[PDB]
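Take a look at the letters that make up each chain.
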Amino acid sequence: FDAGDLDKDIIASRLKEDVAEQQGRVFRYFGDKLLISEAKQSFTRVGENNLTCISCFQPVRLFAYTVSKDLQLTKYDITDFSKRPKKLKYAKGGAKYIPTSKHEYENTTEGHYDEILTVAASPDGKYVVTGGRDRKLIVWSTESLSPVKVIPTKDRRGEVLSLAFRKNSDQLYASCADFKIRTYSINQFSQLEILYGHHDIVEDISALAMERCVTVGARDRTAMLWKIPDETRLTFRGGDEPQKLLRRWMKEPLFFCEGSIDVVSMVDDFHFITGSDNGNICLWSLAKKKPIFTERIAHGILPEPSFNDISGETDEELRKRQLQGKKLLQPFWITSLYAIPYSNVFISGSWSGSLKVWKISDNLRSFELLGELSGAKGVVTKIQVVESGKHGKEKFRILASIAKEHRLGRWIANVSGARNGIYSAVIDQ
Amino acid sequence: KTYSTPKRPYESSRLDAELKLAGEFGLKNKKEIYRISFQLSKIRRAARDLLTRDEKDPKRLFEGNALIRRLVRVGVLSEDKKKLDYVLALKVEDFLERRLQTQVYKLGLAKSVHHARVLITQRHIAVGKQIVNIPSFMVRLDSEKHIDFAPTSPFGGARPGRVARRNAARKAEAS
Amino acid sequence: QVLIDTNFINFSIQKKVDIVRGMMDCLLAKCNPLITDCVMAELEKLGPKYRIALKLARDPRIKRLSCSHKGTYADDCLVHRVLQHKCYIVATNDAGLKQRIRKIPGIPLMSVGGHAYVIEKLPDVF
Amino acid sequence: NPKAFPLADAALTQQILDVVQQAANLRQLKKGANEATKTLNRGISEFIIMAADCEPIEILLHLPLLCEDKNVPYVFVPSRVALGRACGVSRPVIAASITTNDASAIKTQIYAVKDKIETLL
Amino acid sequence: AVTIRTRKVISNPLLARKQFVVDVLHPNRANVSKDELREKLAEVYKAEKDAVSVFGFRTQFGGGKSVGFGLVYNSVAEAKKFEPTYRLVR
Amino acid sequence: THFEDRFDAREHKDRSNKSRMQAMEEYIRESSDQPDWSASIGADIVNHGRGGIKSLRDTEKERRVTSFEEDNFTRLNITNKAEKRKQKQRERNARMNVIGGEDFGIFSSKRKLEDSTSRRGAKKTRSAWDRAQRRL
Amino acid sequence: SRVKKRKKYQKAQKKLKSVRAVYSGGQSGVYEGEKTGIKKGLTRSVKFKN
Ligand SMILES: [Zn+2]
């Protein structure tokens, strides 16, 4: 019983027009309804190579976008869940869009001239925007597939790494390699506000309906949540020592230190997930700085290279001595991580060739394996979950982009059975 | 007085100290050492008074955890030296490496401390969002990666300054 | 690493300061004081009515380092350990030794006066 | 007995590759075994990062013969790929080098790694 | 052009008005020149400009942004009745 | 006898700021394991330079003004007898004590750390049976 | 004053190359020996007196 706390209610009783401003948690619990054993798995083989991102507009017809290191924004349809995704239009870049000055503030050429990296569709469906190493954020009209506005990043290091829209509102959040986070209105095509703070390049950003975004640096081992208006931020550091793991296990495998945090998806307001290069999928919580649940290597250890290859020496018993057994081994990276919002379910993608989908526990203090989607192989970059149907019984369509390389560079060995194209999979109930 | 003059104003050595510290770090006068040296003498007398005191006395425990953590964030004390025996040993070169003259120069961008001094006072280098034009800025540890040319700066990604824009208009009317 | 005379110990007792705890007040940093072997040979040779200085000289935080000399005379043991390295910081209160070191460049001399100690040729006083 | 000795720890792999990344941006990192060979001849290397998983292990194994001649420290890191992303290079660099440059903002940080390399030797 | 963000949209039906804090973003320009906001804050609503009243604009330091307070009335004749005289003259 | 029966504002007045000692809470922020809402980088620093970066007290008290200005839709200003101290004596407390936005004025204080805690201060286990129940 | 500090130190670093033989660079060229010359009788070495 307090004086001002009554008065705080009275002033806030009159408060109006807060929908996205009000928080929303995990309320949707279809994770036990899903059947992964019998879920159909369809793959397509597109002509372009080194695919980089997929984004899909969903109405309040369904759609699909792909972008590949052939510098080709490509226009697709997925609206029938029983058939493979279909070509509608495209736009290949090239070298005819190389800027004239090559040094000025202006980079106002309409097309991408080198190495797109990321795409995102505007949640009204009216626009779609592409970004890359060409340090140009070009938004595209959907219908005629034409450059509607080109945005120079105005910095020499400002290569775009990820694009993140707000749900149902065209505030566009964009990550850049020069430790910048540019924010954008798309209806007015104007630069909002610039955010600062990572020690490393900013590989991934994701958002929800609220005016908050979560970004990760690569090598810094920090994940930062943001307030856009107040321009304040949080800091989530990992730092699990192997010696705290080993001496924990000495009361009775391998443990890995974390090279990077690469990808991040935001599942609800109070929790999210991050991918690492040492196979860690850390469930994070806003109340804590440490991860609320660390799950070590998801896709497993990276395949060990063959004993004959590494030595180059004819003595066979000498070849195994150079490998140093367990010391040489490495894990799969986590190169894809996306949850359908406010749900108990998220999908991880790598080049183990199994989109390992996880179930969040209902107490939201750990998560747990649902299953695998083994039809894909090779490096997987992005994940977009598209739902349809009624309220309770929902048909889904996971779409993942498969390249023979990573988004950012090669950094890869012994890729096999991997074709460039979209992996489509419908899970029912 | 924000700075105290030393007890020995004119020695053979103290004059050849302040030749070097002003020489290497590009200082303006003798004064900018003593602003640093007086503040350092606050910190160093604080660390000796914590070592008069016993361990498990909370004034050595908490303020010792404060001062070491505080000196990590300004980047003077390295993180590995997380004991009070190291905050005594830091001399006044450790503060001057964190000034914006040297930290621009030692990051690149300059070719010289005196050239890095000129880029600060003409508003070209930027620390995060806000453009900074005072060279004794004392960059923190978290702020170190972010020092870059301003977007409204002709060494950055802006229009050229007046002495190119006058010359570029001059070659058009001449030709 | 600070060398110590006989005389710096004797006026340390009359002015009521610890060596190690009292040097850190003047010096403001950590120090390892170390009496040579010649200097300890003087403190014993001073005799009975200086024996309370000889107790305070042998303290396990006060280090000792040997020397290779044919003599007791530590006023010239000490300068010879200073010219050949110039890392040390001499603590004296001998009048003739101060003049012997103020001609040497770049060696912080240290004497005792009044309450606490004082340093002379340190550029990094504070 | 192994040929890729000394191979670094997992915790030291992090501390090495993070120093590699800042030296990549400060232009003190020279990238490639044929380029790291030259800095040993010029005498300006600080220490040598080598990849253990490159095939073969002997294409770069001339460097410890060249380093221990000149008292330059060296390590092995387990992945050429993870040295790639530390290097800022699209392709895995199997051998890197840190050049001596006195105007180094990472000079207090390099010598933390360099002292943890001579611990292995 | 300019872009406007609205925080704390609070409705006061005693004065029959919509109050909110205005968060004005200046990407490169200099400032926003309040008449231009009374244009733009009108057409985000139905307001027919002079039923809005913006006053409290103190700039973010270094430029780039300005924060203040906006009063959007109903029934434009009420703006002559409840506003002060020094905002009628602006 | 006689009794005052007088209402007191000072007993209901918050005294949190009187015993609040800054180095004690810096241990708290490490041992809290909650995040702490750090601002952006360039959003801190004062006047392109001259004014040292921001105190964490300074981003608190300035936040208290912005939380007050958004409620009352009005601003507060140059009122002189308060400003002549609290802008002179406060911004000189910066240049004397703050270094890189972090305060070193704590460490020259004669305000001792014990007098806040003081073996929990009041409600002290003064008897023997009080000591057994803190073991409980 | 920031120039006279610069033009003093840059002038008082030439003197330092003349009092002692200060380290500089390394050896980046090809050539091995010395340009200025060898003396036989110098012995620029601190002798440990007794
Ligand atoms: Zn001797």
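Residues numbered from 1 in each chain as written, not as in the entry; some residues may be left out. Chains lettered and ligands numbered in written order. Part of a larger assembly, values for the part shown. Heavy atoms only, no water.

- As deposited, the entry is annotated with cryo-EM as its determination method and 3.8 Å as its resolution.

Considering the overall build of chain C
At step 1: When helices and strands are counted, chain C shows six helices and four strands.
At step 2: The C-alpha atoms of chain C give a radius of gyration of 14 Å, which matches the 14 Å a tight globule of 126 residues would have.
At step 3: In terms of its C-alpha atoms, chain C occupies a principal-axis envelope of roughly 40 × 30 × 25 Å.
At step 4: Considering chain C as a whole, with its 126 residues, one finds that 52% of them fall into the buried category.
At step 5: Expressed as a percentage of contacts within chain C between residues at least 6 apart in sequence, the contacts between residues at least 24 apart total 58%.
At step 6: As presented, chain C carries roughly 6500 Å² of accessible surface, and 53% of it is formed by carbon and sulfur atoms.
At step 7: Positive and negative charge centroids in chain C, built from 20 and 12 side chains respectively, lie 2 Å apart. (Helix = DSSP H or I, 4+ residues; strand = E, 2+ residues; numbered from the N terminus. Rg over C-alpha atoms; globule rule 2.2 N^0.38 Å. Buried < 20%, exposed > 50% of the residue type's maximum accessible area, 1.4 Å probe, protein only. Contact = heavy atoms within 4.5 Å. Areas by Shrake-Rupley, 256 points an atom, 1.4 Å probe, with all protein chains shown as cover. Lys, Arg positive; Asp, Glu negative; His and termini not counted. Charge placed at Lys NZ, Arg CZ, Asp CG, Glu CD.)

Concerning the arrangement of the chains
At step 1: Contacts are most numerous between chains B and F, taken over all twelve pairs of chains that touch.
At step 2: There is a clear gap between chain A and chain C: no contact, and 33 Å between their nearest C-alpha atoms.
At step 3: Kept free of each other, chain D and chain F leave a smallest C-alpha distance of 18 Å between them.

Considering the pairing of strand β16 (residues 222-225) of chain A
Residue and element names in this part refer to chain A.
At step 1: What you see with β16 is no split at all: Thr 222 and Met 224 on one side and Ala 223 and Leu 225 on the other are buried throughout.
At step 2: Pairing geometry for strand β15 (residues 213-217) and β16, over three bridges, is antiparallel. Within the sheet, the bridge partner assigned to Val 216 lies in β16 and is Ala 223.
At step 3: Taken together, β15 and the strand that follows it, β16, pair antiparallel across an intervening segment of four residues, in which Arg 221 is found at a positive phi of about 55 degrees.
At step 4: Of the strand pairs in this sheet, β16 and strand β18 (residues 236-237) are connected by two bridges, and their pairing is antiparallel. Within β18, the residue paired with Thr 222 across the bridge is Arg 237. (Pairing = 2+ DSSP bridges.)

Focus on the interface of chain B and chain F
At step 1: Contacts between the two partners involve 32 residues from chain B and, on the opposite side, 27 residues from chain F.
At step 2: Carbon and sulfur atoms make up 63% of the area that chain B and chain F hide from each other, which totals about 3000 Å².
At step 3: As a salt-bridge pair, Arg 69 of chain B and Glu 30 of chain F come within 2.4 Å of each other at their nearest N and O atoms.
At step 4: Taken together, the connections running from chain B to chain F amount to nine residue pairs in polar contact.
At step 5: Counting only elements with at least two residues in the side of chain B that touches chain F, the list comes to α2 (31-52), α3 (58-73) and β2 (130-131) of chain B. (Buried area = accessible area lost by both parts, 1.4 Å probe. Salt bridge = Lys/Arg side-chain N within 4 Å of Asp/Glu carboxyl O. Polar contact = N/O pair within 3.5 Å; in protein donor to acceptor, adjacent residues only side chain to side chain.)

Some details on the environment of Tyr 196 of chain A
At step 1: Structurally, the position occupied by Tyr 196 of chain A is in strand β13 (residues 190-196).
At step 2: With 39 residues separating them in the primary sequence, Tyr 196 of chain A and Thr 235 of chain A have C-alpha atoms 13 Å apart.
At step 3: Apart from the residues lying within four places of it in its own chain, the contact partners of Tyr 196 of chain A are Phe 179, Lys 180, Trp 226 and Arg 233 of chain A, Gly 128 and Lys 129 of chain B together with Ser 40 and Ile 41 of chain F.
At step 4: Separated by 3.1 Å, the side chains of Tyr 196 of chain A and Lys 180 of chain A make a polar contact.

Quick look at the coordination of the zinc ion
Angles between donor atoms at a metal ideally measure 109.5 degrees for a four-coordinate tetrahedral arrangement and either 90 or 180 degrees for a six-coordinate octahedral one.
All names here are of chain C.
At step 1: At this site the zinc ion is bound by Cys 38 (SG), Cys 67 (SG), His 69 (ND1) and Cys 77 (SG), with donor distances of 2.1 Å.
At step 2: Coordination at the zinc ion is tetrahedral, judged from the four donor atoms that bind it and the angles of 97 to 126 degrees they form at the metal.
At step 3: Note on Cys 67: relative accessible area 21%, which makes it partly exposed. (Donors = N, O, S within 2.8 Å, 3.2 Å for Na, K, Ca; no water. Tetrahedral: all angles 85-135°; square planar, octahedral: opposite > 155°, others 65-115°.)

Focus: a negative patch on the surface
All names here are of chain F.
At step 1: Together, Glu 4, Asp 5, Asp 8 and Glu 11 make up a negatively charged patch on the protein surface.
At step 2: When you line up the elements, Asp 5 lands in the segment before α1 (9-12).
At step 3: With a relative accessible area of 66%, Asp 5 lands in the exposed category. (Patch = residues over 30% accessible without salt bridge, like charges linked within 9 Å, V, L, I, M, F, W, Y side chains within 5 Å.)

Here we look at the UniProt feature "repeat: WD" in chain A
Residues and elements named next belong to chain A.
At step 1: According to UniProt, the positions carrying the feature "repeat: WD" are residues 111-150, 155-194, 197-236, 256-294, 330-368 and 375-421.
At step 2: Segment residues 155-194 splits into 0% helix and 65% strand. End C-alpha atoms: 13 Å apart.
At step 3: In residues 256-294, helix accounts for 0% and strand for 46%; the two terminal C-alpha atoms are 12 Å from one another. (UniProt positions renumbered as here; feature names shortened; annotations may be inferred.)

Some remarks on the nonpolar core
At step 1: One finds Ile 16, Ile 48, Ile 49 and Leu 83 of chain D to be the most contacted residues of the largest nonpolar core, which totals 44 residues.
At step 2: When residues no more than four places from it in sequence are discounted, the contact partners of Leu 83 of chain D are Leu 17, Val 20, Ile 49, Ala 51, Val 77, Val 93, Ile 94, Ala 95 and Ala 96 of chain D.
At step 3: The next biggest cluster of nonpolar side chains, apart from the first, holds 32 residues, and it includes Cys 31, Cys 38, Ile 119 and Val 125 of chain C. (Core = buried A, V, L, I, M, F, W, Y, C linked by side-chain atoms within 4.5 Å.)

Concerning the side chain of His 146 of chain B
At step 1: Among the secondary structure elements, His 146 of chain B is positioned in the loop between β2 and β3 (147-149).
At step 2: On the basis of relative accessibility, which here comes to 7%, the residue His 146 of chain B falls in the buried class.

Side note on the sheet that holds strand β23 (residues 336-339) of chain A
Sheets are built from strands that pair by backbone hydrogen bonding, the pairs being arranged parallel or antiparallel.
Residue and element names in this part refer to chain A.
At step 1: Strand order across the open sheet formed by four strands is β23-β24-β25-β26, with antiparallel pairing between neighbours. Both edges of this open sheet fall to β23 and β26 (367-371), since each of them pairs with a single strand only. Neighbour-to-neighbour, the strand axes of the sheet open up by a mean angle of 30 degrees, direction not taken into account. (Axes fitted to C-alpha atoms, helices over the stretch in contact; angles between N-to-C directions.)

A closer look at helix α2 (residues 33-42) of chain D
All names here are of chain D.
At step 1: Every buried residue belonging to α2 is among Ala 33, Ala 36, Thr 37, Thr 39 and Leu 40, and all of these are buried. Buried positions in α2, seen along its axis, are confined to an arc of 165 degrees and lie on one side of it. Within α2, the exposed residues directed more than 90 degrees away from the buried face are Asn 34 and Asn 41.
At step 2: Where α2 is buried, its residues meet β1 (29-31), β2 (45-51), α3 (62-67) and β4 (95-99). (Arc of directions from axis to C-beta.)

Brief notes about helix α4 (residues 80-87) of chain D
All names here are of chain D.
At step 1: Most of α4 is tucked away: seven of the eight residues are buried.
At step 2: Within the span of α4, buried status applies to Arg 80, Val 81, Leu 83, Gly 84, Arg 85, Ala 86 and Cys 87.
At step 3: One side-chain oxygen at the N-terminal end of α4 lies 3.0 Å from the backbone nitrogen of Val 81; it belongs to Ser 79.
At step 4: Trailing α4 by a residue or two, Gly 88 shows a phi angle of about 75 degrees, which is positive.

What about unusual backbone geometry?
At step 1: Here the residue pair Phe 5 of chain D and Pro 6 of chain D is connected by a cis peptide bond, since its omega of -5 degrees sits within 30 degrees of zero.
At step 2: Along the chain, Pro 6 of chain D falls in the segment before α1 (10-25).
At step 3: Even without being a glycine, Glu 115 of chain A presents a positive backbone phi close to 60 degrees.
At step 4: With respect to the secondary-structure elements, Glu 115 of chain A resides in the loop between β5 (86-92) and β6 (116-121).

Structural notes on the packing of α3 of chain B against helix α3 (residues 22-31) of chain F
At step 1: Close contact between α3 of chain B and α3 of chain F brings their axes to 8 Å; oriented N to C, the two are set at 70 degrees. Taken as axis vectors, α3 of chain B and α3 of chain F run roughly perpendicular relative to one another. Considering how the two elements wind past one another, α3 of chain B and α3 of chain F form a crossing that is left-handed. Here α3 of chain B contributes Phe 62, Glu 63, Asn 65, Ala 66, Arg 69, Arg 70 and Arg 73 of chain B to the contact with α3 of chain F, which in turn contributes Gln 22, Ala 23, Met 24, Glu 26, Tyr 27 and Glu 30 of chain F. (Parallel < 35°, antiparallel > 145°, perpendicular 65-115°, else oblique. Left-handed = near helix turned anticlockwise from the far one by under 90°.)

Describing a nonpolar patch on the surface
At step 1: Side chains of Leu 246, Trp 249 and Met 250 of chain A sit close together on the surface and give an oily, nonpolar patch of about 310 Å² of accessible area.
At step 2: Its place among the elements puts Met 250 of chain A in the loop between α2 (242-249) and β19 (261-265).

Some points on the pattern of salt bridges
At step 1: Under the counting rule described, the total for this entry stands at 50 salt bridges over all chains.
At step 2: Between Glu 313 of chain A and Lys 3 of chain D there is a salt bridge, with its nearest N and O atoms 3.2 Å apart. With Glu 313 of chain A in the loop between α3 (307-311) and α4 (316-323) and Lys 3 of chain D in the segment before α1, the pair connects residues from two separate chains.
At step 3: Residue classification places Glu 313 of chain A among the partly exposed positions, given a relative accessible area of 27%.
At step 4: The partner of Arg 61 of chain C in a salt bridge is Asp 59 of chain C, and the shortest N-O contact between them spans 3.0 Å.

Points about the pairing of strand β25 (residues 356-360) of chain A
Residue and element names in this part refer to chain A.
At step 1: Where burial is concerned, most of β25 is hidden: five out of the five residues are buried.
At step 2: Across the two faces of β25 the burial is the same, with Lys 356, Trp 358 and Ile 360 and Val 357 and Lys 359 all buried.
At step 3: As judged from the four bridges shared by strand β24 (residues 345-349) and β25, these two strands associate in the antiparallel manner. Its bridge partner being in β25, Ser 348 is matched across the sheet by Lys 356.
At step 4: The antiparallel pairing of β24 with β25 creates a hairpin that spans six residues between the two strands, and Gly 353 there sits at a positive phi of about 75 degrees.
At step 5: With four bridges joining them, β25 and β26 adopt antiparallel strand pairing. Opposite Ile 360, over in β26, you have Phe 367 as the bridge partner.
At step 6: The turn linking β25 back onto β26 is made up of six residues, and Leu 364 within it adopts a positive phi angle of 60 degrees.

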